[PDB]
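Have a look at the structure below before the remarks.
Chains as they are written, first to last, in PDB author numbering: chain d, 235 to 258, 933 to 939, 961 to 1047, 1062 to 1099, 1114 to 1312; chain F, 6 to 103; chain H, 8 to 92; chain G, 58 to 152; chain I, 22 to 110.
Printed below as a string of structure tokens:
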């Protein structure tokens, strides 16, 4: 008993025995010198916690698949990890709080792990549907398009529960206010919409610019505004209330990751080839508001902004991590906040102008 | 280096009681006695003796002699923070929020 | 800065009290060591039995030999020295 | 076993110069020091000051215990993890 | 609220010591009280009662080191936080 109590003491002992005085650069290279960053995400339960996923090309190293966890104040290397020879992608976390971890395996299967613990088609996207009464539903879009969904209280999780929806696109974005409705850009050059009641209830398509779209998001503000970006480097403001898109904006690198910034400004960002092109439509026109190449390592991979501080974190194609801070571009604080609904009305005016 | 900076220092949020005391153990100014005058006297005397012990150790067998205390800031988390900053004549202490 | 608050000795023995107290302060950081320094010093120079208490919040009532008692403040320490036996 | 794991991880932690695992007594179980007498004077007198420290942290009130004593100096870093039976001290570079 | 901490003497003198420290509290029971007057009273009472060379000491945080005759020493605590030592030499 004395050994175990000394162990419990020594645990937190080491924990804040690593944290020493610093100015606030965490450039993680745990193994991942031959890996490639596939995703970066943050945690709401722990606003100072971030989880990254990478894919490796060299098997002569530690293990296969990747899920790494670490906090902002913790040592540069990933503090906690999950060890196995299983390639793991499609990563998401428990919606209420970080208690369960869900992953969509490469062979169409799905796995779930207790965080408080030591098919001829892959899955493409994954999402939790938070039902506070109990466990929280799971939706996985496969690489053919078809959607699956289920949830089970026993997490050792059994995919016996299942439901299937006739889905054609790969990255399904869901309606923030009404989660049952979803949309997607298909390779056929359209953007389909539907919902959870029937997979065939509402099978028309959004035709803002009518291109093969491979990315969708939603303006994390008052309206029911979303965005869809195509292989043809085109970005598209799908206002849910419209069938014709608002601002058919247009820029190279729109195939790749897009995002709404965690600021009051409706800032947009695209990023490939160690280069980010950034839009602040709240202060200027649709031309790019900023652009930055990075010489740290080539071919920047996935990124992450947190609302708290502009310590923007990014990975590289070499598997490493890095971060920089440009605080002067934090916020403008007058035009972004309450004039943003007026700005969306102004975008609709720009549509009337297009006509 | 003036009462203006001192007032700013009092305005530093999170700090509860400041205690500046001459090495003789005399709390000249304060913001802890402003809540309880029997606190900073005990604290100043006890911590002056503690700093004497710290001098002994900063001069005992591993710390080369001729090396002085520079700052001994301590923190009892969830209780308070207590900075000690030695001077040639003074000792700046502060009881802040941890 | 010694501050005599109640002494019985002659002025020379008092001066010796404050000098030995200053030396004990120069040498020993712990009150017990200071008091033993003073007590042994006086018990050795004179003969008999001395007792020294060093504190900060302290009252007592003791018997003591005539002109063999001091209660004072050296710096900010309460020194109560006396001879009994 | 966890004492082994933590000693191992401290050794893995670069910038450490002299490791010092003691018990609650003045017994250095393992030490990455060039001379042992130096570590002896410390691993003996520092527990004395640690008894003084627990004394005063309780003199406040029995509300907290001395969980750590991690000091940083100009030259190095004296990490001290008070433990039930042990005490985990390491001399590191203050990075 | 007497809380005896270290006893050396006989239980009768125990009881009388408690009674005397109590009476001293009542002699000086007011925010203007000083522990010194109660100390005078304790020592002088135990002199005129059980003989001279008594010694009374009152406080809450301090460190004594004194010589005492056997079966003539007491130290104790109060819920009012009064640590009281008495001893004969």
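Think of the CB as a built atom: it goes at the ideal place given N, C-alpha and C, for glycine as much as any other residue.
So if DSSP puts residue i in a beta bridge, which residue, or which two residues, is it bridged to?
i              : result
residue 1196/d : 1182/d
residue 1217/d : 1225/d
residue 1072/d : 1080/d
residue 43/H   : Looking at the DSSP assignment, residue 43/H forms no beta bridge with any residue, so it has no partner.
residue 75/I   : 109/I
residue 99/I   : 23/I
residue 1232/d : 1229/d and 1250/d
residue 10/H   : 80/H
residue 87/H   : 60/H and 78/H
residue 1130/d : 1140/d
residue 149/G  : 73/G and 134/G
residue 23/F   : 99/F
When we look at the beta-carbon of residue i and count the other beta-carbons within 10 Å, is it buried (16 or more) or exposed?
i              : result
residue 66/I   : buried
residue 971/d  : buried
residue 34/I   : buried
residue 1134/d : exposed
residue 60/I   : buried
residue 1304/d : buried
residue 1276/d : buried
residue 1063/d : exposed
residue 96/F   : buried
residue 62/I   : buried
residue 1017/d : buried
Specify the secondary structure class of residue i as computed by DSSP and reduced to three states.
i              : result
residue 68/I   : helix
residue 985/d  : strand
residue 1298/d : helix
residue 256/d  : coil
residue 103/G  : helix
residue 249/d  : helix
residue 41/F   : coil
residue 1044/d : coil
residue 62/H   : strand
residue 1190/d : coil
residue 53/F   : helix
residue 1124/d : coil
residue 30/F   : coil
residue 60/I   : helix
residue 94/F   : coil
residue 94/G   : helix
residue 5/F    : Chain F is shown only over 6 to 103; residue 5/F falls outside these bounds and no answer can be derived.
residue 55/I   : coil
residue 1203/d : coil
residue 211/d  : Outside the modelled stretch of chain d, which goes from 235 to 1312, sits residue 211/d, for which no answer is possible.
Strictly under 9 Å for the Cβ-Cβ distance: is residue i near chain F by that measure?
i            : result
residue 13/H : no
residue 82/H : yes
Could you check whether the Cβ of residue i sits closer than 9 Å to any Cβ belonging to chain H?
i            : result
residue 38/F : no
residue 65/I : yes
residue 60/F : yes
residue 54/F : yes
residue 92/F : no
residue 50/F : yes
residue 57/F : yes
residue 44/I : no
residue 86/I : yes
residue 57/I : yes
residue 74/I : yes
Of all the CB atoms in chain I, is at least one closer than 9 Å to the CB of residue i?
i             : result
residue 100/H : Summary: the structure shown does not reach residue 100/H, with chain H confined to residues 8 through 92, and so no result is reported for it.
residue 39/H  : yes
residue 67/H  : yes
Within the 9 Å Cβ cut-off, does residue i reach chain G?
i              : result
residue 1000/d : no
residue 41/F   : no
residue 241/d  : yes
residue 102/F  : no
Would residue i pass as an interface residue toward chain d - the criterion being a Cβ-Cβ separation below 9 Å?
i             : result
residue 117/G : no
residue 89/G  : no
residue 124/G : yes
residue 107/G : no
Point to revise | Runs of beta strand (DSSP E) lying entirely within the segment 1234-1307 of chain d, each at least 3 residues, in chain order | key: Runs of the beta strand (DSSP E) inside the segment 1234-1307 of chain d: 1247-1250, 1257-1261, 1268-1273 and 1278-1282.
Check your understanding: Quick one: complete beta strand (DSSP E) runs, 3+ long, within the segment 989-1015 of chain d?
Key -> 997-1000
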